[PDB]
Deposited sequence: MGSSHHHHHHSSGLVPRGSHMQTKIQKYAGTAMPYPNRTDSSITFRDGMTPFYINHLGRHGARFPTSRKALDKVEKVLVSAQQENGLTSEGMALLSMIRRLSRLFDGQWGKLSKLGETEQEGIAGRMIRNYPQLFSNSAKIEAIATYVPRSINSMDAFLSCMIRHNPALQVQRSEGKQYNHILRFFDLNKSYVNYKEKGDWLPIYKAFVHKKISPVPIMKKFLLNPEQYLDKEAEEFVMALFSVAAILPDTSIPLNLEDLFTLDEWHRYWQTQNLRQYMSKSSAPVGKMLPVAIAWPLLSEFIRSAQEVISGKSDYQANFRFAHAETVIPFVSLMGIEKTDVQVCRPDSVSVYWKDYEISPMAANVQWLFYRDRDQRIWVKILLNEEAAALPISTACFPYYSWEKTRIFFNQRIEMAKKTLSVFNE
């Protein structure tokens, strides 16, 4: 289907997909829901280009239309940047709703749940929407709710690690990304529909215009604004745009060889915390029925690769090949989430199921009863992942 594939090409801007025994505990991490754009850079650039053209009589008919809409968008986004949208809230109500309905026993009576979020409002509002749905279904829940910079160590590790911040900003992946954009993004066919003399434009300025335009269009379906630009581009053009953003995500935030696993290793404190909270619930030190955490794409992506969920930590030496093996939209769409579901069988042995975006995920260890894995084997495996992460990090101060 062309419709679903077009949405995929929004990559990490993709709206959460459609998703329409009982565990004793659920361990959760969840990106905020669908949001407004975080930066006005792409919009202003697209507008600076159009408006400068409207002066030198350089706009086509479709060009004139685009500019009017771009100006309007500029208005609608004003003061709204980075905020959670109505769609974002409904995504959370739906995730929480499906959990409640699927495991009513878990959240029945006076179950205790705890939730944390980062200081980022879109993350907090996400938690709120998620929590509000839960309480509505069972007003008798005990709920502990908190948030702030004090969770920076486990929810924003990507800001704390000096080496990573240097890598993300000025590291070796940049030139690679930039050469790949040049190869894959053919600007002129696209600019031809908005501008007279598309050929007069420099590849650099042309490439920027067109990237900014893809970015605007990519984010629009997340704003709950009844406007659409997905139509300005052909499927192939979206395919190409996406391949480039996909490569950026992979190299900047995941297991690309050029990153040396630095982007993945930084998530070890979060994995560590996940294991502790489950162990404490297993021992009975804690007695929560669920821990929920609300954070970002930058939290989810490396976390998932660090968990070793199959096809997320792959190390692809060749850039042009990443799109085949690693799909950002499958990992970190809007409202992306990981849930560990813990079960106890008839003989008291603990099993765990790993859901990524509410689909059962695979680990590179064996089980006689997929999708359930032995908690003991699993924890040993995660503990190895963590120890590897600590070494990786030790190689980079």
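- Several segments of the deposited sequence are absent from the coordinates, namely 1-19, 40-48, 426.
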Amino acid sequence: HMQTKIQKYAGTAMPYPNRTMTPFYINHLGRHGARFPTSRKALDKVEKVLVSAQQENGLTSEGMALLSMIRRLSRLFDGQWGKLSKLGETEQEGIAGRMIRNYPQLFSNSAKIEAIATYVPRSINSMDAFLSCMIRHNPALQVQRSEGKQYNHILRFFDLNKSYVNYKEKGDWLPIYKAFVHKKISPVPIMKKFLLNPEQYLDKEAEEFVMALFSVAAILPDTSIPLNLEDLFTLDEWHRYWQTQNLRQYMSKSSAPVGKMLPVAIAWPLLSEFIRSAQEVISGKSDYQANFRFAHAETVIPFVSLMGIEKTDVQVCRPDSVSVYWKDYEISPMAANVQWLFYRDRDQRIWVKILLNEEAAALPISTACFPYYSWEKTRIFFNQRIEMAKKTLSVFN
From here on, numbers count along this sequence of modelled residues.
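- Of the two segments, 140-148 and 100-108, the one listed with the higher mean B-factor is 100-108 (C-alpha atoms only).
- Between 212-220 and 232-240, it is 232-240 that carries the larger average Cα temperature factor according to the deposited entry.
- The residue among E114, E205, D159, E273 whose C-alpha atom has the highest B-factor in the PDB entry is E205.
- Comparing the C-alpha B-factors of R293, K83, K253, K311 in the entry, the top value falls on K311.
- When the modelled residues of the chain are ordered by their C-alpha B factor, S186 lands in the highest third.
- For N27, the recorded CA B-factor ranks within the lowest third of the chain. Only modelled residues enter the ranking.
- Among all modelled residues in its chain, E93 ranks in the middle third by Cα B-factor.
- Sorting the modelled residues of the chain by their CA temperature factor places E359 in the middle third.
- When all modelled residues of the chain are sorted by CA temperature factor, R385 is found within the middle third.
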